[PDB]
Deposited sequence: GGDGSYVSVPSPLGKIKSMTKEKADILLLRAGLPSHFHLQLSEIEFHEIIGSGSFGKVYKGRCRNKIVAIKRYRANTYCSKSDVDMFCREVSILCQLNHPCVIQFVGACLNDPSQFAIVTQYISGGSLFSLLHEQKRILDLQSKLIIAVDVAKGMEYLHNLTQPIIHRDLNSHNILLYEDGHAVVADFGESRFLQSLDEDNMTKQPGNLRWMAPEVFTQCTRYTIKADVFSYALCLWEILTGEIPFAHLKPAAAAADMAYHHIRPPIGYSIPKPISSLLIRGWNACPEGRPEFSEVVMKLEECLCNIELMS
């Protein structure tokens, strides 16, 4: 908390009294719609707690990309006041569009979303010190009214680091490896499938059952023949159990922009 005050540039320093809280939008603590320095803003307020908050702010205050949620400031005074402030995106979450409002989108709109998400993630992964989002899902892809998207919520994000295996169980071999930026590409891939089908992955199963089936029984969602080839390719590679075999986001971007040229 003291080291963070020094490193975090002083213009990101906010006092709780400068934030006006209006409505709850998500409910770890709570996220409010509100107002701060004449901006409409979303505010994440909190309930190891400190370290977590400190990581998050350090991650956020580095970010500047039009497909990544824009950081406004945080409150540091004390742990009772800990809060993060970002821009507010009026068009909502991708999850809401697809599954609550059940809005039907055409292929161009879908790909635009997929590309902007991929562009935000390419940015995160190619910083001098790369960042893993680690919680990428349709709840954290938010939408401008014009249809473009940004990646939000770095609550689980981390900076990337820089026995005898022949008899090890698969889960133990995987516990020992340590995850990379590629964990994000797998998440992305489910997100991309979610966008095209309009369905929550394994909707009929609970989160933990879905995770189990994907990790142990090796199941992935059904890829219908109606899914275009370049895309099902990204899907198939993107959710490979072997992380090393998932594409880099720069490529994901390259293929989807290529699809927009034919949409």
- Message: Where does the structure fail to cover the deposited sequence at the C-alpha level?
- Response: 1-25, 53-54, 75-81, 197-206, 308-311
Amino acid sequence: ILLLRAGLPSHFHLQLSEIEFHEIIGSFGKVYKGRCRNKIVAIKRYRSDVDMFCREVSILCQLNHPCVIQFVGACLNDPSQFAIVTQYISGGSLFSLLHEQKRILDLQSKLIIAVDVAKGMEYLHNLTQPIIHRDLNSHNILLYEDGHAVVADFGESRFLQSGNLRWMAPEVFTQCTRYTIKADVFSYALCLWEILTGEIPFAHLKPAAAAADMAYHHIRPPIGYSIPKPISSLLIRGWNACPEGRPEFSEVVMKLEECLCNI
From here on, numbers count along this sequence of modelled residues.
- Tell whether, across the other compared PDB entries, at least a third have no coordinates for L160. yes
- Selected stretch [higher average CA B-factor]: 73-81 or 127-135: 73-81
- Item | Per the entry, higher mean C-alpha B factor between 64-72 and 31-39 | 31-39
- Residue, from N140, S157, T177, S90, that the PDB entry assigns the highest Cα B-factor: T177
- Task: Just grab whichever of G238, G26, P221, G198 has the top CA B-factor as deposited.
- Result: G26
- Note on the structure: On the chain's distribution of Cα B-factors, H13 falls within the third called highest
- Chain-wide C-alpha B factor ranking for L105, given as lowest, middle or highest third: highest
- Determine, from the deposited record, the chain-internal third of the Cα B-factor for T86: lowest, middle or highest. lowest
- Item | Chain-wide C-alpha B factor ranking for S187, given as lowest, middle or highest third | lowest
